[PDB]
Amino acid sequence: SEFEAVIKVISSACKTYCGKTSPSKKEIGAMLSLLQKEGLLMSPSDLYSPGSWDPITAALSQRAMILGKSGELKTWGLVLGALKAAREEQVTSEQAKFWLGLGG
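Position one of the sequence shown corresponds to residue 1086 (the numbering used here), numbered consecutively onward.
So this is what it looks like as structure tokens:
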């Protein structure tokens, strides 16, 4: 499954761009698993695409208000910070070229 690999990747990004606090792999999975259940993420890689970021935020916000469940929103806040960091701080395609180069 794409799923447990995406947890790895995200967990990597947070250790690097996640200043201070960082979330647990349990917490990241919880976020992801919910997002799949709620029908937002069709595949867990779709979360890297920025198209999805505003929608997610909105939806996890609703959840904190309506159902009083904010744990996953907190995760997403940390996580998104890392994604944006990473997008600004690097050239996207060059960083990918590097990874596939190592692949052999």
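All C-beta atoms, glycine included, are put in the ideal place defined by N, C-alpha and C.
Asked: Meets three-Cβ-pair contact criterion under 8 Å: the stretch 1111–1121 and the stretch 1088–1100; Found: yes
Asked: For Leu1152, the three-state DSSP class (helix, strand or coil); Found: coil
Asked: Option in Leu1152, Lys1169, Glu1123 and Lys1159 with minimal Cα separation from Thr1101; Found: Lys1169
Asked: Straight-line Cα distance separating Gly1189 from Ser1109; Found: 31 Å
Asked: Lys1122, enclosing alpha helix (DSSP H) - first and last residue; Found: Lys1110 to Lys1122
Asked: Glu1157 and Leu1126 closer than 7 Å at C-beta; Found: no
Asked: Boundaries of the alpha helix (DSSP H) in which residue 1197 is found, first to last residue; Found: It is not possible to answer for residue 1197, since the shown part of the chain is limited to 1086 through 1189.
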